[PDB]
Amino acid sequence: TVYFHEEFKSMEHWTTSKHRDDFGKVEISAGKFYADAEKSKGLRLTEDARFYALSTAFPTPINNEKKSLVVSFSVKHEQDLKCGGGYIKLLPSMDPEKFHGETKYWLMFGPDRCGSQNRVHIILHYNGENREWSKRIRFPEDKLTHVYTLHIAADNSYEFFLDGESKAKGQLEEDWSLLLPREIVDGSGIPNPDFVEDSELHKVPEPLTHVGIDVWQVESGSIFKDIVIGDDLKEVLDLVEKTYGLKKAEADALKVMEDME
């Protein structure tokens, strides 16, 4: 039911790409401030003004035929991020050493910010193109840990959770540009006979084989935690309570590091 859970207690099983000789360095770390010196540990990007590209393979490939698929992970931008990504990717069969921005993914999911620009990416590869989510939700611009959870249901509905709470909810067909128009001209009532129905929008075209972090950061220091993937929503949200729902401790740790200032 839970296919995968990266705790980032270690990073040896994650492979860093060879597509460039200058990808940024990463480490296991709890950051400058933390709710717990051990449980707050995670994947930390260390170097300013770098690209990052590292990945790990699912022990077993992941499918979602007539079944739910739930993705969750957290990013902590404690560094005062002005420009940088904090999103992950789910990819079909690929070579981790040539992993880069152009590598074919099925899903690109997570926070991204640069200047006054801010949104949560939910990008689905469908029918040979990457389809950007039509809705634009800004993620919280603070130094605290935030969790991003996505439910892709077998009825082609979806739901996006930020910090455990529902932020967006709707239909894949309506909130992305995946299919042709149902009407030949909108509001005419005349059907478009070329329209093709797809009951498998939610379904991965090929089985999913890797998770990867492919981001650019100007101000580095971000920490990734708890990459969870499964087929049951409550199960994942329960796991988010266990791992993230550290809230009270972290916020107090943040105030402590802010009273000094």
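Residue numbers here begin at 1 and follow the sequence given.
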If you count the residues of the deposited sequence that sit between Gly245 and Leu246 but have no coordinates, do you get none, 1 to 3, 4 to 9, or 10 or more?
1 to 3
I need to verify one thing: averaged over C-alpha atoms only, is the B-factor higher for 95 to 103 or for 173 to 181?
95 to 103
Going by the average Cα B-factor in the PDB entry, point out whether 193 to 201 or 33 to 41 comes out higher.
33 to 41
CA B-factor ranking of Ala49, expressed as a third of its chain
middle
Temperature factor at the Cα of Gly230, chain-ranked in thirds, falls in the middle
Using the B-factor values recorded in the entry, state whether the Cα atom of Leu69 falls in the lowest, middle or highest third among the modelled residues of its chain.
middle
Chain-relative C-alpha B factor for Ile213 (record values, thirds): the lowest
Going by the recorded CA B-factors, say which third of the chain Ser166 sits in, lowest, middle or highest.
middle
